[PDB]
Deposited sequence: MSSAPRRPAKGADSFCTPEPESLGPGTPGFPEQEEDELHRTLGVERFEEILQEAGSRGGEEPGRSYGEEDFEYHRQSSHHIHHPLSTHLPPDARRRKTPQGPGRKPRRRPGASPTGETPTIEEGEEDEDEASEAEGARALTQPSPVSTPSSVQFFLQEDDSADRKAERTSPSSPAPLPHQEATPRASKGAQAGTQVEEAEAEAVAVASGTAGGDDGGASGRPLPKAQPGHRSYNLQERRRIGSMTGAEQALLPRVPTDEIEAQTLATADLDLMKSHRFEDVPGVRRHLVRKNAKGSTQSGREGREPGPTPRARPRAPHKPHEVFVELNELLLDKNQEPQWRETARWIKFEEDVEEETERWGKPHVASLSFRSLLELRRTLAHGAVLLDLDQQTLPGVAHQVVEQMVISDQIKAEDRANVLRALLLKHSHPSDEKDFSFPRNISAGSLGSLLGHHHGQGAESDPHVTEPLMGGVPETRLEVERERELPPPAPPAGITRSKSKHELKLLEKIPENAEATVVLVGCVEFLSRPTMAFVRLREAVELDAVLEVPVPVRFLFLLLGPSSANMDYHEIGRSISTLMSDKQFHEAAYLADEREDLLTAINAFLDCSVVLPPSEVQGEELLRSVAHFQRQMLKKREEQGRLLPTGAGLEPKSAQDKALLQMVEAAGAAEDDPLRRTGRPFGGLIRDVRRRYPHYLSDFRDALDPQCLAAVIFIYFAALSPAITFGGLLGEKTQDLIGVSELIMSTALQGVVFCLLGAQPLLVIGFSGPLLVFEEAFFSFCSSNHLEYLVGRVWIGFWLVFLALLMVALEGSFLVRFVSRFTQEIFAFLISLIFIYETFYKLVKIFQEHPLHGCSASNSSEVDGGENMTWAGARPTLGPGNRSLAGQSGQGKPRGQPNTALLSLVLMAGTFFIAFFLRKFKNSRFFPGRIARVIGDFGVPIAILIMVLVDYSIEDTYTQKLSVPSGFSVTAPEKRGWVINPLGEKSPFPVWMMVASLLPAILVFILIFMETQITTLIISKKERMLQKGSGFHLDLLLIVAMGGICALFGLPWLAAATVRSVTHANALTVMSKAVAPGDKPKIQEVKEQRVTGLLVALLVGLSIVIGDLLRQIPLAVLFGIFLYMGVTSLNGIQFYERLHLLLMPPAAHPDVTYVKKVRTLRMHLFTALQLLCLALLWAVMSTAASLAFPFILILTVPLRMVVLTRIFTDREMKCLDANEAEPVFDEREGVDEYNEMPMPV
């Protein structure tokens, strides 16, 4: 089976009023049409035919000329043999054979070479369709030629490809046939996957006719009624699938303890040296630059906020080093260095939720986190030993979207509650009570949000090339902070709460904390009941780390990602938590492998294949798969503590704008949020999605109501004094979905509403 690039060049008059063949269309995949007015190739489109043209093609092909395995290699000699064969079958009178021969030898023309060769598959044989209105003849005349050898004909094609099938059609007008449409019909057949397969094996004129019928019976005949909108033709794609259908792992559990750890070590580690060679490509150097701002910006927005929530015990300087200390050690030893380890959003809403519990019960907060670390290590060892990392299968779209919607509700609430706090501390009247502090904070808070919100749309708009914005992922955030910091920097005599960052490798609050947190009680003795009961917070933390890291590994290890090298589930979970349990001893926060950063890292290294035919979705040729982009990003984040002066000038109102921005944008893409929109829209206006078409409106609104009810239970718990339990309530939905929603919704509805990939 050979791929075919079929070119239709028609006999037309040039600007010099001379007859010459001009390329009118070409078929690599689908069809591209020359616009005579502008001499520009049109956008690729489905080669729609006219049934009258196909009927005329079938009529002329019967009693037509046939040149099979023509042992000729020169266009003039081939043309002379074609004319002889045509006059054998009485198609052309011997008087006009000279004129037909002269018409065959005319100079071909094209609108304009290396670029187009890339799109066509390398091992392809082109088909030339010579169709034109000839005046000296009185009857239409056709000749299908199959060359014995793939001979690159003499300057006949726009792109030099060995010509295999030569198609000739020369007939006068007034025959009620459009030769331009007959040329498109025969060219479309030759580009068809199965029609040319019958052309290679064709042995008689009847066989080629039978090949047409095998094409028509697989076709779609539209009616002559016109089309008013694109939604009318949306079902044509779905119907065309029905017609053709009628014609036609790391999570595996082994009994060996630490078995998943051993397999993942034996998979990626053999490619350790290869992990450093693949980094020499210049695309990796662009990944370091554009991901460094994707891993540093959330390191200060969460680092700054932890400075307020935890009274500067854990601030930016600790989160900067914790991101760098773990980011380097993970890349040097992890099985998936494409993961960007960082302080996830859900972990932030736990530290704020755990600080209140330690503040209420008169427990040292930092020492209370040391003992969570000692129990995070034990649970991580226990789970990896028993290979219990396959439970991420049960965490499905019902639980993920409830969580990702609850967090985005917290981010929106926490800024607006911070904003209300500012106005109550700095009321509008003619440090506390500072004029212009409340409003400038609102301007900065709403300045970075709308700058970053609109630049995200500009990223996704038609202005930015897809090949570029894939590499540079979410650059609105770094520039929004830079712009509004300078806006606040220019202002003088007005106080805005600045980021609390001390210069040098020092604690954010040196007077209150030391580098090594004493596990036995820093200032006051630590109660012996809490060091044993810290397992309960540790399980709740471990759920937030296990869910965030293992889901992320699932997202980037899919076959669509084209990750050739081994991806490790067990080895990453152990490192992310065993470092998190040891980084807690030094007061540094524990981290998870965030999904948004990791995909931004994975996308930046995806190399889209150049050999894509026009009109086809780009396919990921490969991914760089190196340990250096993750390593350098980790080191550069750690070196951000060198600029402690620049970070100290970032207003805290600027970060809350980004904090609100990340809350709002994370809603996009969540089916829970999308199905909340449908709760307001009328049933007629619901979009044609899988969960909408195959599920009736009433059942869909019941499913969304249950998710919304399961989200109000989480919010009620979070506002009470037992806010630590929201990880446990969250994974009560997994028993709920697998047991309660199983008997309410049929398997058909759950397969549509809870889809692993969609």
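Sequence ranges 1 to 319, 432 to 502, 639 to 672, 855 to 893, 1222 to 1241 have no coordinates in this entry (deposited sequence, numbered from 1, C-alpha basis).
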